[PDB]
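Residue numbers (the deposited numbering), protein chains in the order written: chain A, 2 to 308; chain A', 2 to 308. A prime marks a further copy of an entry chain. Cβ coordinates follow ideal geometry from the N, Cα and C atoms, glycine included. To start, the structure under review is shown below, and the notes come after it.
There are 2 protein chains.
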Amino acid sequence: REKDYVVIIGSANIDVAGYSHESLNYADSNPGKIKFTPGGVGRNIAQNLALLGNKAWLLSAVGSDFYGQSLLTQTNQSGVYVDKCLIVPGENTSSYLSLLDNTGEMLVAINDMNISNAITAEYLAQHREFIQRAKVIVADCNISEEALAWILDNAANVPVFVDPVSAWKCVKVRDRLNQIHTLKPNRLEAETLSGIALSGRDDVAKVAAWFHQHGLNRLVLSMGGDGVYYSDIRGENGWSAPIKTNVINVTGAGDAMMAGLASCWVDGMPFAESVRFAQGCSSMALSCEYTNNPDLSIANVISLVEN
Amino acid sequence: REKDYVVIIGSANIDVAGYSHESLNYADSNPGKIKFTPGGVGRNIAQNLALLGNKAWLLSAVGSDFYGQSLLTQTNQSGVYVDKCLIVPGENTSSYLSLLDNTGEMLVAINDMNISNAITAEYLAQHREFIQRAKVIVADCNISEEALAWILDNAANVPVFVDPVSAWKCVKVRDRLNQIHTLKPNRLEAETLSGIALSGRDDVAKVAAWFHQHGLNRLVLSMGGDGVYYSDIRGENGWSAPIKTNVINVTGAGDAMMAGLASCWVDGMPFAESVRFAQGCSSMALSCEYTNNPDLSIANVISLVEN
Ligand SMILES: Cn1cc([C@@H]2O[C@H](CO)[C@@H](O)[C@H]2O)c(=O)[nH]c1=O
Ligand SMILES: Cn1cc([C@@H]2O[C@H](CO)[C@@H](O)[C@H]2O)c(=O)[nH]c1=O
Ligand SMILES: [K+]
Ligand SMILES: [K+]
Numbered sequence: 002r003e004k005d006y007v008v009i010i011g012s013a014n015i016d017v018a019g020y021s022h023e024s025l026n027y028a029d030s031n032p033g034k035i036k037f038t039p040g041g042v043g044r045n046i047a048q049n050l051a052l053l054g055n056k057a058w059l060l061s062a063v064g065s066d067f068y069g070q071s072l073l074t075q076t077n078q079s080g081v082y083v084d085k086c087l088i089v090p091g092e093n094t095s096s097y098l099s100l101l102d103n104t105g106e107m108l109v110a111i112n113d114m115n116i117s118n119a120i121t122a123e124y125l126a127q128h129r130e131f132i133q134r135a136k137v138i139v140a141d142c143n144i145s146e147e148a149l150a151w152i153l154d155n156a157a158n159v160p161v162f163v164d165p166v167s168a169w170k171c172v173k174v175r176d177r178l179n180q181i182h183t184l185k186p187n188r189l190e191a192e193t194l195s196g197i198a199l200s201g202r203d204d205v206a207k208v209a210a211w212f213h214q215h216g217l218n219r220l221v222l223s224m225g226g227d228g229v230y231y232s233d234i235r236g237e238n239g240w241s242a243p244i245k246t247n248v249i250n251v252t253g254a255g256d257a258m259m260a261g262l263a264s265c266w267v268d269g270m271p272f273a274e275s276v277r278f279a280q281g282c283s284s285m286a287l288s289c290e291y292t293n294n295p296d297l298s299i300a301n302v303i304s305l306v307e308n
Numbered sequence: 002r003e004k005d006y007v008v009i010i011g012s013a014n015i016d017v018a019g020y021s022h023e024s025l026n027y028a029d030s031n032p033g034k035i036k037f038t039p040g041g042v043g044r045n046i047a048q049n050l051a052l053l054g055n056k057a058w059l060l061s062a063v064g065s066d067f068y069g070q071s072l073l074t075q076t077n078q079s080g081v082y083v084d085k086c087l088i089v090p091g092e093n094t095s096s097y098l099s100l101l102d103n104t105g106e107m108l109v110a111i112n113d114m115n116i117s118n119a120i121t122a123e124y125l126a127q128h129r130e131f132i133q134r135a136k137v138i139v140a141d142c143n144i145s146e147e148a149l150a151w152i153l154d155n156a157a158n159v160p161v162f163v164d165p166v167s168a169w170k171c172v173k174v175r176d177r178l179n180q181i182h183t184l185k186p187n188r189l190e191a192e193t194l195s196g197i198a199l200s201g202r203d204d205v206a207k208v209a210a211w212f213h214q215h216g217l218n219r220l221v222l223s224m225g226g227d228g229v230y231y232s233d234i235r236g237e238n239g240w241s242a243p244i245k246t247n248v249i250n251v252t253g254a255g256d257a258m259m260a261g262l263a264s265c266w267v268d269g270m271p272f273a274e275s276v277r278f279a280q281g282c283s284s285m286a287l288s289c290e291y292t293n294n295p296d297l298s299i300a301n302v303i304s305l306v307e308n
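Rendered as structure tokens:
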């Protein structure tokens, strides 16, 4: 519907990936390749929602530094509405810098994301009515605990989908599971939140039971080669095997996952079929060089899934 | 004079400096600080010329990638005329990525500068008449040998000041010294060009004699703690001691040097006094965090020099 839109609250980064063509020198500047790409979990999810055909508004923060403007401009080009993003007077725009291998393997990564703290409850409250009229809200855990609490306290019965981002950053959701419609942790995040070891497939039922006892509506638990375990507090649960994928670069798979889950909810799709769809979204991120595959589309995901 | 302008032909980079706050992990992404800054020897010199009060036009190349646009936009903000810069359809904009230490020390550097080869003789010839009406031309040795040869062959009696950039890239000037008005090598560059060891102060006279025998008009030879040796083919030569400087970050000192030399030539200043002025330009770059000190100005350099 032409007035239906989705609101994403999370980080917008410039990802910088550099690798040397040959063996590193340290004692010299080495000819290599350097790529600047848009990143940040929330920004990536928003771009994926746009590619999936939703009107997606990003609520985020960048500095005033020209490169922050390029970030916002490029994310607009892919379909995202960036007009409510906060510009932070004279601040570095967040970035995530990785040194990769001559063969594409990670070495060391620096992340500089303090301006995520500029995504305050005060900022979000300036868009209260807009947020409260979205079809769904996606929040990432890069934002502060106070900002996440504000979203969950003021969602006004709009479902909030939460991306835990990392084992470090996920813990702010632990006491607010009863306010979250859908949570999408990996194995380490679910172990970290629950305090229960996930040693194998046999352990997911007791971990899911812990999440539901603490009030979580829906769990979408990614278990790597084991596939995805999904669980609804009303009783439905199940496993979905992974989709055989030729993996090109792993970055952005979970951001595509989350977009697929939220897009399918907005489109009226049932839970289990939404999890399988989102697995196909992630598969298209996995088979692409960039962290957002610009061939992400409803049509392209369905064809992948039918295989 | 309101129609006097200077033309700079060289590289425009995004410099990316990242350091971890603490000891590196490799096995993790480390919280740290990441800074994006305009760079590239030719772009830096142009910005310094603008700060020194000259109308400076940059002839350079960036890709179409939003971040290339931010580069050009920011360089305009400091006074540089960027309207003739070549945009390269769908190309990475050049970058220079350094991993710095928790204490500011260099570790490893990647440079990605192949689009410097887009600064072709064909491109430059589209601005032949404009180039041939500049008061002075500054070229860096990031550009190809064919492009440098084009500039030196078509300068039409406009003086060409050449920045050798590095020991690797300087060698393209060796056979064209008789076409260069002023060359500004450091000790390793002058050793590399001449084939003569510069073991100490006692060796500069024979190295300068080699440059003049091969047709170089003016040599400005930086010898580190020994200061600067200058030499004119017509017979004047001398040493200028370094200016005591509280060094904050070494990047951009030579770019300020070159700007001071070319600015002083355009302003009518004699050779020896122009070398001492340019030493003060470099001193202000050295005492600044960024690779271009935005307090660079004629007034601020003179006051530094009188001390
Ligand atoms: C270490 N890190 C990384 C990110 C981003 O994740 C995306 C891939 O999903 C990349 O584009 C990064 O910019 C983040 O948002 N928060 C965080 O802590
Ligand atoms: C390794 N390297 C570095 C540069 C630039 O030098 C400036 C400082 O003077 C920095 O801004 C770099 O971007 C260059 O132009 N050509 C080259 O080969
Ligand atoms: K990818
Ligand atoms: K500096």
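At 3 residues or longer, what runs of the beta strand (DSSP E) sit wholly inside the segment 87-123 of chain A?
Within the segment 87-123 of chain A, the complete beta strand (DSSP E) runs of at least 3 residues are 87-89, 96-101, 107-113.
Report yes if the C-beta distance between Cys86/A' and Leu53/A' is below 8 Å; otherwise report no.
Contact: no.
Would you please verify whether the beta carbon of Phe67/A is less than 8 Å from any beta carbon of chain A'?
So, interface residue.
Give the residues of chain A in contact with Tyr27/A', contact being defined as C-beta atoms less than 8 Å apart.
Result: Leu108, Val109.
Using a Cβ-Cβ cut-off of 7 Å (strictly less than) and excluding sequence neighbours within five positions of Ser12/A, which residues of its own chain qualify?
If we look at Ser12/A and ignore the five residues flanking it on each side, its Cβ neighbours are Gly41, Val42, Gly43, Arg44, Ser61, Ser95, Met114, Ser117, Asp141, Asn143.
Indicate whether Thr38/A' and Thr292/A' have their beta-carbon atoms separated by less than 8 Å.
A contact, by the Cβ cut-off of 8 Å.
Kindly identify the DSSP beta-bridge partner or partners of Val137/A'.
BP columns for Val137/A' point to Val7/A'.
Roughly how many angstroms separate the alpha carbons of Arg235/A and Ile46/A, rounded to a whole number?
Approximately 27 Å between the Cα atoms of the pair.
Assuming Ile244/A contacts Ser284/A under a Cβ cut-off of 8 Å, what Cβ separation, rounded to an integer in Å, is found between them?
With 8 Å as the limit, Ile244/A and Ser284/A qualify as a contact, their Cβ atoms being about 5 Å apart.
Quick one: grab the DSSP three-state call for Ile46/A.
Reduced to three states, the DSSP call for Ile46/A is helix.
Would you identify the three-state DSSP class for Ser24/A, choosing helix, strand or coil?
In this structure, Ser24/A counts as coil in the three-state DSSP scheme.
Going by C-alpha distance, which of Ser99/A, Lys185/A, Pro32/A, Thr183/A is nearest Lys170/A'?
If we check each option's Cα against that of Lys170/A', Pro32/A comes out closest.
If we count the other Cβ atoms within 10 Å of its Cβ and call it buried at 16 or more, is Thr104/A' buried or exposed?
Answer is exposed; the Cβ neighbour count stays below 16.
Determine, for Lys36/A', whether the minimum Cβ-Cβ distance to residues of chain A falls below 8 Å.
Yes, because at least one Cβ of chain A sits closer than 8 Å to the Cβ of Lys36/A'.
For a test of your reading of the model: does the CB of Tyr291/A fall under 7 Å from any non-hydrogen atom of ligand 1? Yes or no.
No, ligand 1 has no heavy atom inside 7 Å of this Cβ.
CB of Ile249/A' to nearest heavy atom of ligand 4: below 7 Å?
The answer is yes for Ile249/A'.
Taking only the alpha-carbon atoms, compute the straight-line gap between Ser24/A' and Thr121/A and give it to the nearest angstrom.
Taking the straight line joining both Cα atoms gives about 30 Å.
Taking the alpha carbon of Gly255/A' as the reference point, which residue from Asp66/A', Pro271/A', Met224/A', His213/A' has its own alpha carbon closest?
For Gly255/A', the nearest C-alpha among the options comes from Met224/A'.
Less than 8 Å between the C-beta atoms of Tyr97/A and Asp16/A, yes or no?
For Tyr97/A and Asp16/A, yes; Cβs fall inside 8 Å.
Report buried or exposed for residue 1/A, applying the criterion of at least 16 other Cβ atoms within 10 angstroms of its Cβ.
This structure gives no information on residue 1/A, because the portion of chain A shown stretches from 2 to 308.
Can you find the residues in the same chain that come closer than 6 Å, C-beta to C-beta, to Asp66/A', ignoring five residues on each side of it along the sequence?
Answer for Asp66/A': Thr94, listed in chain order.
By how many angstroms is the C-alpha of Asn187/A' removed from the C-alpha of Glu192/A?
Rounded to the nearest angstrom, the two C-alpha atoms are 58 Å apart.
When the distance is taken between beta carbons, is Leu220/A' closer than 8 Å to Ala209/A'?
Yes; because the gap between Cβ atoms is below 8 Å, this pair is in contact.
Count the other CB atoms within 10 Å of the CB of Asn294/A'; is the residue buried (16 or more) or exposed (fewer)?
Flag for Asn294/A' reads buried.
If contacts are defined as beta-carbon pairs under 8 Å, then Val139/A and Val7/A qualify, I think. What distance do you get, rounded to the angstrom?
That pair is a contact at about 7 Å.
Between the Cα of residue 1/A' and the Cα atoms of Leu189/A', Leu184/A', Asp203/A', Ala198/A', which residue gives the shortest distance?
This structure does not reach residue 1/A', given that chain A' is present from 2 up to 308, and the question cannot be answered.
For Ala28/A, count neighbouring C-beta atoms within 10 Å of its own C-beta (all shown protein chains included) and say buried if the count is 16 or more, exposed if not.
Per the 10 Å Cβ criterion, exposed.
Using a Cβ cut-off of 8 Å, pull out every chain A residue sitting near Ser79/A', in sequence order please.
The contacting residues do not exist; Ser79/A' stays about 11 Å from chain A at best.
If you run the structure through DSSP and keep just helix, strand and coil, what is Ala62/A?
If DSSP states are grouped into helix, strand and coil, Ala62/A belongs with the strands.
So is the beta-carbon of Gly201/A' under 7 Å away from any non-hydrogen atom of ligand 4?
Answer for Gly201/A': no, Cβ out of range of ligand 4.
Going by DSSP, what residues sit across from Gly19/A in a beta bridge?
DSSP output for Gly19/A lists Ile35/A, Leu100/A as bridge partner(s).
With 8 Å set as the bound, which would you pick, yes or no: does the beta-carbon of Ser71/A sit closer than that to a beta-carbon of chain A'?
Output row for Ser71/A: interface = yes.
Is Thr252/A' near ligand 4, with its Cβ less than 7 Å from a heavy atom?
Checking every heavy atom of ligand 4 against the Cβ of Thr252/A', one is found closer than 7 Å.
Measuring only the C-alpha atoms, how far is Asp102/A from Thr252/A?
Their Cα atoms are separated by approximately 15 Å.
Taking C-alpha atoms, which residue in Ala156/A', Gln70/A', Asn238/A' lies nearest to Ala126/A'?
Checked all of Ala156/A', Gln70/A', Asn238/A'; the closest Cα to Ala126/A' is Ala156/A'.
What is the DSSP secondary structure of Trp151/A, reduced to helix, strand or coil?
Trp151/A falls in the helix class under three-state DSSP.
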